[PDB]
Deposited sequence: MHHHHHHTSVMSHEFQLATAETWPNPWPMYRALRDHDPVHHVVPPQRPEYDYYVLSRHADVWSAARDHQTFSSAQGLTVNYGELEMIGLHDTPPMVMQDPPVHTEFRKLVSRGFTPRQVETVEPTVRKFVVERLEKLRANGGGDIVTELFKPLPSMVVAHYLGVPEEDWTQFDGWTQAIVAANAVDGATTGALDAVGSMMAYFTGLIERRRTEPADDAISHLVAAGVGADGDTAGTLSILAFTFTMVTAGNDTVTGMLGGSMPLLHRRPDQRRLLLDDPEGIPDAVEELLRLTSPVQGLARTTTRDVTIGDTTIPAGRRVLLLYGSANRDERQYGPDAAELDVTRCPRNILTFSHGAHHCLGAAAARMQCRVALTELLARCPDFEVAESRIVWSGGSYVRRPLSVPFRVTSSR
């Protein structure tokens, strides 16, 4: 047990909630001054109201210096020259987002759903036949990779090779030189193909809109950067949502009962699971001006950690039962996908995967066991996701 603020590790991901509660109740605008590195001080926002408003306010809370509390981030990763879309502010962010958004419509979520369902069924049946097993390795890891592949217009025949690169990158993001090289090489070819054979995906749309046309190397690089953004955005997060939901469901048979009796309640249940798992538990911003929130003034030029995971658990927004699973809650203004300019492009895709996985878990493996104490969590301070979830089926 610890109620003192610290960036999470594999060992402290099981139960960050009391720490968050202490912040919300006693220091909602919390100044962190690392004793070993006081020059790397930063601030932490834990309440729903403050996080909601800060996420929206890109003018005051910029994404352009990076999304971690590490002040050397952009040079450390090698993206200072031209940061990716998630590290762009408007207006730079706006045009590119408009173009790629053409590949994030109901059509793209709908076309991949039968493929998602088929894979979920295949893997859950294998688990059922074997009385359980490694649900993360066999389902919750590979599934989101296929969906990201779909959104990038990777042909189905290349999904296995694409999974290989994805896993190396995801593990490293939590070097991957072979993977980064293979992927950037593969997409160079695919982008070229989309010049003459455009489909309905985000890459096809970027190419059709003339990004990279007429020797615009920088444009082409932006498409390549977007592929890396997608791999890092759409994988560990979904695995976190899926794996993180398992103990929550297991320990509430009454809540499973509600959905067994009314499967049409599953979409609402997905929102509640997204609220409580909040796979992106926090991301940072940089203040562009001094800003006062209550009795605290955050100086210009400092990182501010937006604790989405805490905002999602704030009793001021969701009541004294905010810590509990209620699949009929219908929570509004969840922070799981942030809010404002950078609102997750993959929200509908993530929701669809959760819906299909939950539907089939209840239909195919209703009697299951999860030992929460034996879950292994990934390292990394921003995304909360299991590497392994003990899973037994009777």
Counting from 1 along the deposited sequence, the ranges with no C-alpha atoms are 1-10, 185-190, 411-413
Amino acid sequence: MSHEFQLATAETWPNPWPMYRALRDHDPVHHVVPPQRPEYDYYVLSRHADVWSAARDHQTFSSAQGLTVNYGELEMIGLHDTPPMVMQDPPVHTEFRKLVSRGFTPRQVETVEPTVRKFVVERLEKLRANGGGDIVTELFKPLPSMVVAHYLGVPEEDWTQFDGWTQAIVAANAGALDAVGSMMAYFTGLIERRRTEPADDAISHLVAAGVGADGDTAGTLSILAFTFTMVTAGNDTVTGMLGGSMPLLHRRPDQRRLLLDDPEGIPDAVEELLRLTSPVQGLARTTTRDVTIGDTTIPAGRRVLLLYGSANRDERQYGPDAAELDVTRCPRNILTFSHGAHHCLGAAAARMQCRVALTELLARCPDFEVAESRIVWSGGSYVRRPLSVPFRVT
From here on, numbers count along this sequence of modelled residues.
Taking the mean of the C-alpha B-factors per stretch from the entry, tell me the winner out of 145-153 and 298-306.
-> 298-306
Should the higher mean CA B-factor in the entry be assigned to 207-215 or to 267-275?
-> 207-215
Residue of maximum C-alpha B factor among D41, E360, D326, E369, per deposited coordinates | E369
Which has the highest CA B-factor per the PDB entry: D89, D178, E110, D254?
-> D178
Among the modelled residues of its chain, the C-alpha B-factor of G131 falls in the third labelled middle
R332 - which third its CA temperature factor falls in, relative to the rest of the chain | highest
So, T137's CA B-factor, relative to its chain, sits in which third? The highest
Assert third(CA B-factor, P106) within chain per record equals middle
Going by the recorded CA B-factors, say which third of the chain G66 sits in, lowest, middle or highest.
-> middle
